[PDB]
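Residue-level structure breakdown
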Amino acid sequence: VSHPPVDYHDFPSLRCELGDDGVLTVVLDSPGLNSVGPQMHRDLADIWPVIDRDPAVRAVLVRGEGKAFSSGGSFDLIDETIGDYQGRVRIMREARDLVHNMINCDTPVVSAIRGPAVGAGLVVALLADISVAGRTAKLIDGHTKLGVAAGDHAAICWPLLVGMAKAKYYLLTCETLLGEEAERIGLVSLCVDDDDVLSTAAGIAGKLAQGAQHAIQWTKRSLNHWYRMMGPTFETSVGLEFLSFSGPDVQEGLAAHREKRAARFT
Amino acid sequence: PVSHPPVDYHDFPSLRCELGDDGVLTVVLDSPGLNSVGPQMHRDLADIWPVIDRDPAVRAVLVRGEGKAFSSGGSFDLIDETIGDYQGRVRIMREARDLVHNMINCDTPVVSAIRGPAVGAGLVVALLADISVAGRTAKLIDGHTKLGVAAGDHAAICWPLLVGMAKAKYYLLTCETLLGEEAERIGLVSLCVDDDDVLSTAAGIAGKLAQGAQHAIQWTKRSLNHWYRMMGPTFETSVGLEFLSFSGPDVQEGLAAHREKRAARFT
Amino acid sequence: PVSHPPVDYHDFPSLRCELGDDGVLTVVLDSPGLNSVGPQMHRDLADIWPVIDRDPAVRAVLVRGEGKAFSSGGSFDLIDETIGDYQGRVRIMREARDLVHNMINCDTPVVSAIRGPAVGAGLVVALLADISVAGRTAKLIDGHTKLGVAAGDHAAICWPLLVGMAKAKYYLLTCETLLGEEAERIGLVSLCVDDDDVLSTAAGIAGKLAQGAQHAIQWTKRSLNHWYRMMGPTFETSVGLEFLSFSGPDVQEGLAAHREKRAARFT
Amino acid sequence: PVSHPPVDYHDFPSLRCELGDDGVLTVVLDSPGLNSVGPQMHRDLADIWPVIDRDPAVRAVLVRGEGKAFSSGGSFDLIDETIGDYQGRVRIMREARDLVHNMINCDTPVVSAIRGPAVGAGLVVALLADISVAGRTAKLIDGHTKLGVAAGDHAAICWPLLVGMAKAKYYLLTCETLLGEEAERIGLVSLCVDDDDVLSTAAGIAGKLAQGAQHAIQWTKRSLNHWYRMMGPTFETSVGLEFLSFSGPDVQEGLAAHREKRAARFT
Amino acid sequence: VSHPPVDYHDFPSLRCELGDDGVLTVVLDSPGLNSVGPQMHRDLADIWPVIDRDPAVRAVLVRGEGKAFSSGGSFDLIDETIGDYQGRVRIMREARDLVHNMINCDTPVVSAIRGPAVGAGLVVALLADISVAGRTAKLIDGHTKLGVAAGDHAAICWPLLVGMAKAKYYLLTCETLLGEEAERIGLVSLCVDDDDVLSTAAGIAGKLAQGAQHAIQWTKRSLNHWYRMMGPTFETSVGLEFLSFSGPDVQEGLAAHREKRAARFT
Amino acid sequence: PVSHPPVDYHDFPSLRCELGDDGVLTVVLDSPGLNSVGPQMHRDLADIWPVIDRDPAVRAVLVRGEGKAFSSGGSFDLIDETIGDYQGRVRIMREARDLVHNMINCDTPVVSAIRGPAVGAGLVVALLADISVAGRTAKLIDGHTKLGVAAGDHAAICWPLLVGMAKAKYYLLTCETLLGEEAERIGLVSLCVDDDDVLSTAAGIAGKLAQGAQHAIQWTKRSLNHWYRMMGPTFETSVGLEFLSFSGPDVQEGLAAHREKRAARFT
């Protein structure tokens, strides 16, 4: 069966390096603590079906360049959502397809969370199969502090990671969750010293690419039915988030981020 | 102008309701016997939430018990009516069902301040709140199987999704006392602070929610609540099993053992 | 009267069954190779639960492994029949399905005493029991991906709802040894005690369960079990994937690596 | 005596409510433009059902439109407010969501008498009733995609479970007029009788329900409603998609085409 | 693997005949149009796990003796439910296990519905894989006319057979549904002339026992997940039914049946 | 701007794709043996839908079979690779899964023009389209149990929600031929027209869909598709069962009986 070839030239915002072991390193590298621009929002969403169709890739290691995973959506990305209907629908489709595609990717994914992981970056960090978080890594969903509903991933997984009591606490109040406490409540797989996050994650991803592929992938896919069965709930939250982008709270929350202040909502 | 009727809480006589300048509605359970839920307070707790959710003046809810106790659960008179009267049993059954379904279907944020014991119908309000603050020495006891009836007033809708099935099955089947400090570690409650700091911590949490982005907080809360809503039929199964067991002989012994300050000897 | 057939466990020769005065049925897994499950014990473990659930003399079940092991899982002859014979693979496949389904549909309370290693089909019984008591140093290993097959004997029905998805995927995909102390902390088991204290602790729990409110405990347990039942199709997906993978090349190497006490070189 | 507040329907000024000697509450939609749902009637239809369900005097509900039409759906002023104001769009969105969820969570039996057109918000009440009686020539039109917005006010919670996905997708995507006689054949409505017999047939059906076993009818109805309740998140997904599309350019054309007595030319 | 032997001496109220083709005929034969007594309520519930474990049985044909499938629960069965808690729990467990066991039986089942099928009999008639109903066969759930919630099967299947509008109509009002109309709305698989119901069903069951067994059974089991996923809803209705047996309506509805009159509920 | 890769369907050589001015992409299944699906067309049918859904020029999709047949299903060489090779069986198995999943997750409206027989993998495309137009005398046959394997290519995800469980089990277990006229009556297909009128009718529907409100039609379709998605695990269970049964003895006889144009004698 003839299948089309794979090259990642089509995802320009992401650096992708394939190793001898079969581990694909996907690096989020962009100004402002790896902030997700309009292009990287699409690239992150659409890359996963291509990786899963890649015969050379047996595992994926996702990380941010430098001392940060990703600081979330950029100001231009939030501006376009607020200002343009057709742009908002495009961005909304990408946010939906990011979660759906990571979940429907049978290939194992390991995340190396050092430093902040926010919004669209935290989606990739936590929906990875195995997540390695540093002790002082700041994990912030951040939506309600911005003034919109938390609809980019958390409604599909967080109760099944930490329990409803911890999920509601951090998602409604956006109190910062450090990496050491995140492992304790069950949000991430492992917590190591900050200097050991990438080495620990790299080692995990290496052994997965050298293991039994059908065993690892089919076990992962079966477990992913748990998230898949919460699809309608997630898409309910997605729609609620993008409805709220047309509201008055976000314009205050967006101005609050641009002025480095707390949002005073009314 | 779409005309909507005004709201006043005189229809809930067993509950003291205080609206603060911040928009937080404080709901206080105050009744004899460590805030025991009598027949009237069972209906009031069940039916107040749809009214609160439609209140333009209310932005957040802080639920607590008066003094050094949240609520000791249903009073002996409430249990006697369930056992003795079919029409009374059906009314209380609807109130137990609607308590859970109305708290979940209330988009307004709810914060609970659990100091002291939280039992049965009282533990329902304490744990179904969005953010729950428990004191270190707060006793959290579902208590149903020790009473002799099925645990069907809330635990089957949430406890597995709070602590995991292994801990859920352990505490619900054995009714071992779960203290507040241990409750937070396994994930049953949101926070654990010193007993003297429970009310101040919860009030501050409820304040910041009433001062936040209303639609953002409420729609995020509603989306998360679908996880409970999808376990609805499972929960209503536990409700019926509970009220079927109230006609059995075991509860008569468990209730008698409670009134007699002894352990229950079931046969 | 309604005539119901009498019950004696002679129909399950691989399992030792002891009925106590407390009402606890002790089910002992005892076989060569750290209580390895041969072809006969694979069926008995699957089919014993409907009969126990219909037993009037049984009020609770205590499962344990004989000696210093709970169970090492399916034996090499069981795996050999799985790889080589279609009718044998279908028979074993039906039993793996019915083991999980029948334990979940057993209303009788089940307590597991996990001292020593519990692997695969043995880990299914240990973790699907209602209350699980694990020793501090007890090795809990699903073991499928290290063997080279999909994890389809129980874990896809419960592990996410026991430890959360992040810990579930880590331990199930990598097969890192999970000790009992860490298993209790993350919520995979109900309790963790010293290894020498596992059996007395479990026996005490099963005793108090058999002397409690039967209908309350069994119906509370049954409602909680709807959480697993609703994931039935997910579990049966993993069952089919596991037995599809037994026909693959990976398991032949993983089996040979286990037989030579070395690490597997998968290609 | 558990004290519960009294019920009077003066809080629903757009709806005429008549309580008969049999216990049937007749709810009449009467408004200009073939009983078009204005801003006030949109809230009233949504919020009346929890009040009816708590009414001891009400044993059954008969919903109908005045004259030879059920309801033509939302008025042009209601659609203009949705498009033009965020706070107005949010209020109407909550009312659309709560209309569906309150009808389903109302245990009291509801019977609909569909003579003439039933459109949009009006078709919601007509089809979510327990037993629906449609005239032969009654036009049943969801109408959303022809208007230019997603079909998110009820059809995603029930239509597949009424007619099957192939017919559900056909009529909802194309908005072809579905007459009452054809609606009954595919299973969208309960009965089809002559147009002149719709009101007499429905009143008799509602009468026999109010004279039947109250808890039997209501608990049977509630159990069946879990089928809808379990599709809750799917329905709320359609609600949000509908109200997101109200900010798009297509609806402006569909609304303009409706006001101009022409076909919509979308680009 | 040694498995215990199978003989149906343990189900005394049911006549079971195994044919050369592999079809097991299970006949409901009892006084009063095959009324379900205390024993037959248990036998119907507990027989299915044994049939499914039977190597000799490849298909099942269920029918009533004479010109009736089954008239439902007997007066003594209803009396015991109303009067005794321990008896009510036993009967309730059987009603639950009847539905669950028929659904969890991989072996194909064909029902021959000629004449009335009520309550516990209609449960067996409609939960069969393929149902053959006569033109004039009366199909009546009958619970709300008796004064109890319809909790013996209908809440697990009826919406997925006829749609919610027809389900609510017949279950809430108990208007008689004849066999010809039942096929039209989709409640039964086939409708033939009354004299052809058993011959048509026998022929269907014969060909199923002579077909591909793993293909037929696994297709049936996968399709049965649809019912299995409505388990909690069904058990909600089961509990509601047996709670209502302690109410005042059933005592009137029971007296109404014993006096051959319509129940005047208050 | 956000740069997105260009789209041309040269990557799917077994499928003819024609783009019209109306915005309809016509996808034609054309191959020997009544449009039999060989190994290449099995992958193309699976993987084409994500690309179509991302195509800016495509507003609707019309699928049809060339000549007097929609599609006869998987070819004998495809079945031969399934029976004989593990890596080939896994590849074909992944494609069968992704065919259903990708059609359901394709927001673009799809209309099928079913003239003549549609069997197995071909029947998947015909019935999973949004609106299906079937000719009166078109033979619709799932065909799996007559072949000797489990029906795991689509029917377990939709047929109960298309025709009801009683008709679903009858046609899927016995493989009795279902003609288009009876298929429309029971709700398996959206429409039934004369055989010579199938293509013009489908083309007209797909045309009017491509000129309608895109976001309204696609989002209405996507919400309705959650009904199927929620049955995903059930569908994937049947997929695994089908490919487990391909290793059994029944299919070898059923395949030989088809090759000799005779009835299969299963043992």
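Residues numbered from 1 in each chain as written, not as in the entry; some residues may be left out. Chains lettered and ligands numbered in written order. Heavy atoms only, no water. Residues with missing side-chain atoms left out of burial classes, pairs and counts.

Naming follows the PDB entry, where chain B appears as Enoyl-CoA hydratase EchA15 of Mycolicibacterium paratuberculosis. The title field of the PDB entry reads "Crystal Structure of enoyl-CoA hydratase EchA15 protein from Mycolicibacterium paratuberculosis". Here chain B is described in UniProt, under the heading Function (unreviewed entry), as follows: "Could possibly oxidize fatty acids using specific components." Its UniProt record, at the heading Sequence similarities (unreviewed entry), says of chain B: "Belongs to the enoyl-CoA hydratase/isomerase family." (UniProt positions renumbered as here; feature names shortened; annotations may be inferred.)

You'll find chain A entered in the PDB entry as Enoyl-CoA hydratase EchA15, with Mycolicibacterium paratuberculosis given as the organism. According to its UniProt record, chain A has this under Sequence similarities (unreviewed entry): "Belongs to the enoyl-CoA hydratase/isomerase family."

**Considerations on the arrangement of the chains**
A minimum C-alpha distance of 12 Å separates chain C and chain D, which share no contact. In this structure chain B stays clear of chain F, and the shortest span between their C-alpha atoms is 12 Å. (Contact = heavy atoms within 4.5 Å.)

**Observations regarding the side chain of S112(F)**
All names here are of chain F. As for its placement among the helices and strands, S112 is situated in strand β6 (residues 110-114). Looking at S112, the relative accessible area reads 0%, which means it is buried. Side-chain polar atoms of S112 contact the backbone oxygen of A126, separated by 2.8 Å. (Helix = DSSP H or I, 4+ residues; strand = E, 2+ residues; numbered from the N terminus. Buried < 20%, exposed > 50% of the residue type's maximum accessible area, 1.4 Å probe, protein only. Polar contact = N/O pair within 3.5 Å; in protein donor to acceptor, adjacent residues only side chain to side chain.)

**What to know about the sheet that holds strand β6 (residues 110-114) of chain C**
Think of a sheet as strands paired side by side through backbone hydrogen bonds, with each pair either parallel or antiparallel. Residues and elements named next belong to chain C. In spatial order, the strands read β1-β2-β4-β6-β8-β11; together these six strands make up an open sheet with mixed pairing. If you trace the sheet from one side to the other, it starts and ends with β1 (15-19) and β11 (191-193), each paired once. For this sheet the average axis-to-axis angle between neighbouring strands, irrespective of direction, equals 20 degrees. Inspection of the sheet shows strand β2 (residues 24-29) paired to strand β4 (residues 60-65) by six bridges, in the parallel sense. Bridging across to β4, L29 finds its partner in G65. (Pairing = 2+ DSSP bridges. Axes fitted to C-alpha atoms, helices over the stretch in contact; angles between N-to-C directions.)

**Observations regarding the pairing of strand β2 (residues 23-28) of chain E**
Residue and element names in this part refer to chain E. With six of its six residues buried, β2 lies for the most part within the structure. Where strand β1 (residues 14-18) lies against β2, five bridges are found, and the strand directions are antiparallel. Paired with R15 across the two strands is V27, which belongs to β2. Taking the residues that link successive antiparallel strands as the turn, the β1-β2 hairpin has four residues, and the phi of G22 there is positive, at about 100 degrees. When β2 meets strand β4 (residues 59-64), the two strands line up parallel, connected through six bridges. When the bridges of β4 are listed, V27 appears paired with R63.

**Some words on the domain arrangement of chain B**
All names here are of chain B. Its domain assignment divides chain B into domain 1 (1-210) and domain 2 (211-267). Domain 1 and domain 2 are separated by 11 Å when their C-alpha centres are compared. Of the residues lining the interface, 45 residues belong to domain 1; the matching set on domain 2 comes to 33 residues. Residue assignment for the side of domain 1 that touches domain 2 shows that the elements contributing at least two residues are α3 (76-84), α4 (86-104), α6 (144-147), α7 (155-163) and α10 (198-210). Top contributing element to the side of domain 1 that touches domain 2 by residue count: α4, with nine residues. Residue composition of the side of domain 1 that touches domain 2, grouped by class: 25 nonpolar, 10 polar and 10 charged. (Domains from an automatic or database assignment. Nonpolar A, V, L, I, M, F, W, Y, C, P; charged D, E, K, R; others polar.)

**Remarks on the interface of chain A and chain B**
The extent of an interface is frequently quoted as the accessible surface area lost upon association of the parts. Taken residue by residue, the interface counts 34 residues in chain A and 30 residues in chain B. Counting the surface lost from both chain A and chain B, the interface buries some 2600 Å², and carbon and sulfur atoms represent 69% of this. Of all residues in chain A, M164(A), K168(A) and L172(A) bury the most surface against chain B, accounting for 25% of the area lost on that side. At the junction of chain A and chain B, the tally comes to three salt bridges. A salt bridge links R184(A) to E184(B); the nearest nitrogen and oxygen atoms lie 2.9 Å apart. Across the contact surface, chain A and chain B share 10 residue pairs in polar contact. Secondary structure elements with two or more residues in the side of chain A that touches chain B: α8 (154-157), α9 (159-162), α10 (164-173), α11 (179-185) and α14 (231-244) of chain A. The biggest single contributor to the side of chain A that touches chain B is α10(A), with eight residues. Of the residues assigned to the side of chain A that touches chain B, the class counts are 19 nonpolar, nine polar and six charged. (Buried area = accessible area lost by both parts, 1.4 Å probe. Salt bridge = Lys/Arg side-chain N within 4 Å of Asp/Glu carboxyl O.)

**A word on the sheet that holds strand β11 (residues 190-192) of chain A**
Residue and element names in this part refer to chain A. Strand order across the open sheet formed by six strands is β1-β2-β4-β6-β8-β11, with mixed pairing between neighbours. If you trace the sheet from one side to the other, it starts and ends with β1 (14-18) and β11, each paired once. Neighbour-to-neighbour, the strand axes of this sheet turn through a mean angle of 20 degrees, independent of strand direction.

**Considerations on the pairing of strand β6 (residues 110-114) of chain B**
All names here are of chain B. Counting buried residues along β6, five of its five residues qualify, which places the element largely inside the surrounding structure. Here β6 shows no split at all, with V110, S112 and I114 on one side and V111 and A113 on the other all buried. Inspection of the sheet shows strand β4 (residues 60-65) paired to β6 by four bridges, in the parallel sense. Considered in β6, the bridge of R64 is made with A113.

**Some thoughts on helix α6 (residues 119-127) of chain E**
For α6(E), the buried fraction is high: nine of the nine residues fall into the buried class. Listed as buried for α6(E) are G119(E), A120(E), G121(E), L122(E), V123(E), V124(E), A125(E), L126(E) and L127(E).

**Observations concerning the side chain of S75(F)**
You can see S75(F) is positioned in the loop between β5 (73-74) and α3 (76-84). Setting aside anything within four residues of it in sequence, one finds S75(F) in contact with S36(F), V37(F), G38(F) and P39(F).

**So, the domain arrangement of chain A**
Residue and element names in this part refer to chain A. Partitioning chain A into structural domains gives domain 1 (1-209) and domain 2 (210-266). Taken together, the contact pairs 43 residues of domain 1 with 33 residues of domain 2. At the level of secondary structure, the elements contributing two or more residues to the side of domain 1 that touches domain 2 comprise α4 (75-83), α5 (85-103), α7 (143-146), α8, α9 and α12 (197-209). Considering each element in turn, the side of domain 1 that touches domain 2 owes the most residues, eight residues, to α5. For the side of domain 1 that touches domain 2, a count of residues per class yields 25 nonpolar, nine polar and nine charged.

**Observations concerning unusual backbone geometry**
With phi around 60 degrees, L33(A) is a residue other than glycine that occupies positive phi space. As for its position among the elements, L33(A) is in helix α1 (residues 31-34). Of note, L34(D) is a non-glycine position whose phi angle comes to about 60 degrees, a positive value. By the secondary structure assignment, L34(D) is in helix α1 (residues 32-35).

**Considerations on the interface of chain A and chain F**
Residue-level contacts link 24 residues of chain A with 25 residues of chain F. Where the side of chain A that touches chain F is concerned, the elements lending two or more residues are α2 (38-46), α5, α13 (213-228) and α14 of chain A. A per-element tally of the side of chain A that touches chain F places α5(A) first, with seven residues. For the side of chain A that touches chain F, the class distribution of residues is nine nonpolar, eight polar and seven charged.

**Quick look at the packing of aromatic side chains**
Residues and elements named next belong to chain B. Here the structure, examined in full by the defined rule, presents 16 aromatic pairs over all chains. Summarising the aromatic geometry, the rings of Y9 and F12 are spaced 6.4 Å apart at their centres and angled 45 degrees between planes, so their arrangement reads as tilted. The same class applies to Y9 as to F12, namely buried. Geometrically, the ring pair formed by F243 and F246 is tilted, given 5.9 Å between the ring centres and 40 degrees between the ring planes. (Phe/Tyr/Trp six-rings, centres within 6.5 Å; stacked < 30°, edge-to-face > 60°.)

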